[PDB]
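Quick setup: one chain, the form deposited in one PDB entry, written in structure tokens, and binding and motion questions come after.
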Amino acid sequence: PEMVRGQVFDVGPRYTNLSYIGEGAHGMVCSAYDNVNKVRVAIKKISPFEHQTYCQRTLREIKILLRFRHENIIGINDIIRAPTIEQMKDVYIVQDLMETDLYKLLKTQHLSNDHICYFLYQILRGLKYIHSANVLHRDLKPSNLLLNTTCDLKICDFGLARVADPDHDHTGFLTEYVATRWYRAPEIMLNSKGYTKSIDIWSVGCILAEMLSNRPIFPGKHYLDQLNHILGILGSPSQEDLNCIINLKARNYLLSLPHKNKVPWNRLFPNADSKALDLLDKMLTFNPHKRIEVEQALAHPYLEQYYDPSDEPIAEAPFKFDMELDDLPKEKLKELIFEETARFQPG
């Protein structure tokens, strides 16, 4: 086995000339040369069986990544582990190398309107495929959007994904939520568990705002600050929107806030393409039932130079089941992960 600034990283014969890329807490990531395909690749090391939540989201992610096949979603080229479940300590995930991501790019680069259009298009083309599989990403954000040097875009990090379940969405006021605060739809904080497709659309809207200005549009510092950031720009909800909120705690909280006026988008983004602000508006709609869908966003005039429904594929095999992974002993998790990764074992 071989070293990379510390821990073991033995990725076996096939992958050589390692180079650290950063322990980004979803393992330790290194680049390497794939001697069968003769391209440099990316390798992510997982050690999940020492805590169960790490295991369930490793399992969910692998099953999703393996069933999905789409230009705008990162795939898995290979999975390296021990040949027996007794010996399986670490799991290595091999993917196409991607030189950067939109988070790193946004810190340093002004995006032209053409780049914003093209990035937005590829996010939605990939998200169309995801939703057609009845899957919600739930953690869309710039660092989860990888780019190569020709600005090809691929969605990654399905660790928080679930099968959609719009019928069992409702919950109380201020119920805890895992996904990154800045991209949470307003209804997460009010009445939603995030089991609805419109959760991802809000997130993409936030990414679009961030592409126009290089700064997060709603940088909430704590759970409830996130809601007050949204309301400060969108303004106080309408009575019609408030009447859709039946939980009294959520509704009376909104009712208690002083009246705020909308901030016009062309004030926030006086440089922006007006067609882009129109689609931003429909994406950042307070009411989840009025928020635009992924397919209508693709048909929006801002994307018409790219729109092509015959070149925007949908999944063959939808997940018709949420994976019943929460009530599983750690031994079942480990074995299901072993079994899911057998496809890459020699033999």
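Start at 1 with the first residue shown and count on from there.
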Checklist line | Between the two ranges 9-17 and 335-343, the one averaging a larger CA B factor in the entry | finding: 9-17
Next item on the list: Tell me which of 192-200 and 90-98 has the higher mean C-alpha B-factor in the deposited entry.
Entry: 90-98
Item checked: Deposited CA B-factor, highest of 229, 141, 154, 168 -> 168
Notebook entry, point to check: At the C-alpha atoms, which of 311, 304, 316, 293 reaches the highest B-factor in this entry?
Noted result: 316
Item checked: Third assignment of residue 136 from its chain's C-alpha B-factors -> lowest
Notebook entry, point to check: When the modelled residues of the chain are sorted by Cα temperature factor, does residue 125 land in the lowest, middle or highest third?
Noted result: lowest
Item checked: CA B-factor placement of residue 221, once the chain's modelled residues are sorted into thirds -> highest
Notebook entry, point to check: In terms of the CA temperature factor given in the entry, to which third of its chain does residue 298 belong: lowest, middle or highest?
Noted result: lowest
Margin query: Sorting by Cα B-factor within the chain, modelled residues only, which third would residue 33 end up in: lowest, middle or highest?
Written below: highest
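There is another form of this protein, the form solved in complex with a small molecule, and it is not shown here; the text below is about that form.
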Check: Pick from 233, 163, 85, 97: which has a non-hydrogen atom within 4.5 Å of the small molecule in the bound PDB entry?
Finding: 97
Notebook entry, point to check: Which of these residues, 298, 64, 42, 292, gets a heavy atom within 4.5 Å of the small molecule in the bound PDB entry?
Noted result: 42
Item checked: in the bound PDB entry, residue 314 touching the small molecule (heavy atom, 4.5 Å) -> no
Item checked: the small molecule contact at residue 144 in the bound PDB entry, heavy atom, 4.5 Å -> yes
Next item on the list: Using a 4.5 Å heavy atom cut-off, state whether residue 21 contacts the small molecule in the bound PDB entry.
Entry: yes
Checklist line | Distance check, residue 157 to the small molecule in the bound PDB entry, heavy atom within 4.5 Å | finding: yes
Check: Among 149-157, 123-131, 255-263, 197-205, which stretch has residues with heavy atoms no more than 4.5 Å from the small molecule in the bound PDB entry?
Finding: 149-157
Notebook entry, point to check: Looking at the small molecule in the bound PDB entry, is some heavy atom of each of 187, 217 and 237 within 4.5 Å of it?
Noted result: no
